[PDB]
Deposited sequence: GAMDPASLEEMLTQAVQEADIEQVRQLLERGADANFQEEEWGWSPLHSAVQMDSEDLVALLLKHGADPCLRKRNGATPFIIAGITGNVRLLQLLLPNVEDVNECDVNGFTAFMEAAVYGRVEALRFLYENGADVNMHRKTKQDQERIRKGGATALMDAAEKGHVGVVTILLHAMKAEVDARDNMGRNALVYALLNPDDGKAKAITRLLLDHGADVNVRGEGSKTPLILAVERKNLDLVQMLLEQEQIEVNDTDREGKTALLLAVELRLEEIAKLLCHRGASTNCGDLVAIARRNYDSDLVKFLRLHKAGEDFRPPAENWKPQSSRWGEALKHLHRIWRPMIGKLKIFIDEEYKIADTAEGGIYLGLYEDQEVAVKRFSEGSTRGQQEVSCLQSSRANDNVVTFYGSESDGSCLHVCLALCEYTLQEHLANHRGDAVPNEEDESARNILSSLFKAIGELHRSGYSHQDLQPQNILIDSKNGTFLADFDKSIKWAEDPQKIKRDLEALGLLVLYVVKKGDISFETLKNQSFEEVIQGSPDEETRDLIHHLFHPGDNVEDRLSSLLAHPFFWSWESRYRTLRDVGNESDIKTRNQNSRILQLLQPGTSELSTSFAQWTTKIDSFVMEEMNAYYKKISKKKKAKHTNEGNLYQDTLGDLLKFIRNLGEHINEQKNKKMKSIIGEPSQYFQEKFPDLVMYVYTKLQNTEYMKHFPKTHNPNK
């Protein structure tokens, strides 16, 4: 708290307290840790000569560099006070000392328009034509290399430019590391008057007119894009200029002029030799309702969409002309409409030339902010609809998403006739495990959905299932109890998908827990829905190991593997395994529910669960043998047989063995 008192004293301009603290023995060369500012740096910055003299008196170091490598002398160029420069100069080894990005005191005087300081630094040996030397990482991307002239041109300091060219012998056509000259920088200055003056000065002294800036634009193109007739005239006076040069996108100055409704600029370019073959200029001028330009122009002369459902319209949208909204191409017409929304709608779009679905909100919409906020945090979530980005025009927030084919509701309806009635539903399993992963990672990211329902779940070309509608999402830290509403709706969605869309979601929403459970067609489904209604943060990832997600072959495999334990086969009643299994079921009296034929042959068995497992293992191993042709024909597919006959068996075994060493008999599962 000695040098910290000094620092605040210098800021507040308290000179006597600075004297006292300096004589009490406080370090004048203290540099604060974050940005390396010293009291001297601060004194020069605040333009206070009394503190500068006082600090130097007590041995402040004028060679001291802050984090960006700037010294107090460099900073003095910024402030532009010649007296501070004079005072510091004797202690300065090199007047052209630079910071880590290449800035000298002279350059800073040019950037900040400090004329007196510029003159003083020139007279004391400043290199007027020094290029900024910078770090290796900057040089390798062609940054750095700018001069004082370029800076002064960019910032619109006409006086400085005049003086640099006339009194200080500045190189008019010097180039930075990207190949730009002062003329390019001059045309980036938004002030029209200063840009016009500086451009004339530069052109008069022989600035090269055929150079390139950003996007490989020429000075002529920059002048057209800025819609300035005078700058265009000025530039077209130079007879060496190349009027038909193209920017990186292949656009010529004429083409841009017609596109931007610049009639006079366009005529002037034609008269100075610009070619009509750069584009369909007539159609463009017509489109703009530039009647006179159309007459003048008349006188003087593969893409494939990925989406099947939306492909035809996507092709048409690619074909037509539209103005861009940042990276988005879109046209509000019924041909390109996907669906209604609360806020006017989902439309097809092209974003960075990728097909997308575009959800449109009012730019002030609270829900649009909820949607975009959640999507911005969910880009790593593979089971969430892929977010491309967003674009505002004046009024509408456009949220661009991966284009999907169908809603889960529509998808289930399209495929409702695929399966033979008691076929195993593999696709239900895949749909739901994606949703578990989606919702699980969404919660991990701190968000809750609030609206999980079949029309917010999207299926893509590859039959991938994605979670989609986040306009009502919330950060759950606010109200943790609302995470349970997601899990409940997920329970409903489990039944919805398992019933193949036959029972509407609204019907399911109007049922009690008990009724939902009673409406389930099997025990795996019942138990799973139970755990979602009574959870009750990796609950969802752990439930992927639940037997609802085990295939029928895997369930049958597990039963057989348990029925092969030596203690089951020897019927050792005091074994750990039979302990576990023997503690109101469909397999009570199981030997009577099996077919009469089958039971007799296998006997060449008691009503215990251990013996049922033993039975399943034995039948499993010997069912396909030639002697057992009749057995095989009666039972049919054995996994389906035992499950239909004993619906609670798989869940019962799972529950008894769940956290024992006999987990090893469960199938390999996701993790």
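*Wait, which stretches of the deposited chain are just not there in the structure?*
Going by the record, the segments left unmodelled (no C-alpha atoms) fall at 1-6, 308-317, 553-555, 603-607, 629-647, 715-717.
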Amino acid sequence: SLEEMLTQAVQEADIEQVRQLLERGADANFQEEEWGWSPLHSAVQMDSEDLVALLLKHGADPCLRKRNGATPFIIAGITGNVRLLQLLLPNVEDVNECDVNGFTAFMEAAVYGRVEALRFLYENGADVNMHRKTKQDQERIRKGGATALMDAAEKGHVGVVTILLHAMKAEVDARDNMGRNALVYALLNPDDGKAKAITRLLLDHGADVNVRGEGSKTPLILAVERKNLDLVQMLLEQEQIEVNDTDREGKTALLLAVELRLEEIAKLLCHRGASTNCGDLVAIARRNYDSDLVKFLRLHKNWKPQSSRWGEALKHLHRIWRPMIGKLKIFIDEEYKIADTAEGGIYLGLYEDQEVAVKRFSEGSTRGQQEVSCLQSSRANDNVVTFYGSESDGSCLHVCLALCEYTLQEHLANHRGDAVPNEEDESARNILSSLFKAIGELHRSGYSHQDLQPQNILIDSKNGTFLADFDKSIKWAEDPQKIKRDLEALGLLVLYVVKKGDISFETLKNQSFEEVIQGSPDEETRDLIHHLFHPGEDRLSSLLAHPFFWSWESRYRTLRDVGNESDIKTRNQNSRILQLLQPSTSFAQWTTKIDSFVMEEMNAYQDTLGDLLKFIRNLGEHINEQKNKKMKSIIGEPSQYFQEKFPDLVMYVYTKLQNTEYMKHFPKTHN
From here on, numbers count along this sequence of modelled residues.
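By rigid core we mean the largest C-alpha set that fits within 1.5 Å across both forms.
*Relative to the presented form, and with the rigid core used for superposition, do the C-alpha atoms of 571-579 or of 214-222 deviate more in 5 other deposited structures of this protein?*
Between 571-579 and 214-222, greater C-alpha deviation in 5 other deposited structures of this protein belongs to 571-579.
*asked:* Out of 439-447 and 590-598, which one drifts farther from the shown form in 5 other deposited structures of this protein in terms of CA positions, with the fit done on the rigid core?
replied: Between 439-447 and 590-598, the one lying farther away in 5 other deposited structures of this protein is 590-598.
*Report, as yes or no, whether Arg485 is left without coordinates in at least one third of the other compared entries.*
No, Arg485 is modelled in every other compared entry.
*Establish whether the other compared PDB entries of this protein leave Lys301 unmodelled at least a third of the time.*
Yes: coordinates for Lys301 absent from at least a third of the compared entries.
_Entry-level comparison of average CA B-factors, 606-614 and 22-30, reporting the higher stretch_ = Mean C-alpha B-factor is greater for 22-30.
*Looking at the deposited entry, does 404-412 or 243-251 carry the larger mean Cα B-factor?*
The deposited B-factors put 243-251 ahead on the C-alpha mean.
*Tell me, please, which of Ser275, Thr104, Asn181, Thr134 has the highest C-alpha B factor according to the deposited entry?*
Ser275 has the highest C-alpha B-factor of those listed.
*Which listed residue, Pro583, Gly368, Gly144, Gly389, has the largest C-alpha temperature factor in the record?*
By C-alpha B-factor in the record, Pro583 ranks first.
_For the chain shown, is the CA B-factor of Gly215 in the lowest, middle or highest third of its modelled residues?_
Middle third of the chain for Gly215's C-alpha B-factor.
*Relative to the other modelled residues in the chain, which third contains the C-alpha temperature factor of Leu88: lowest, middle or highest?*
For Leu88, whose C-alpha B-factor we compare with every modelled residue in the chain, the answer is the highest third.
*Compared with the other modelled residues in the chain, in which third is the CA B-factor of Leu657?*
Its C-alpha B-factor, which the entry lists for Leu657, ranks in the middle third among residues of this chain.
*Lowest, middle or highest third: where is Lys664 by C-alpha B factor in its chain?*
Answer is middle: the recorded C-alpha B-factor places it there.
_For the chain shown, is the CA B-factor of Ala13 in the lowest, middle or highest third of its modelled residues?_
Highest third of the chain for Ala13's C-alpha B-factor.
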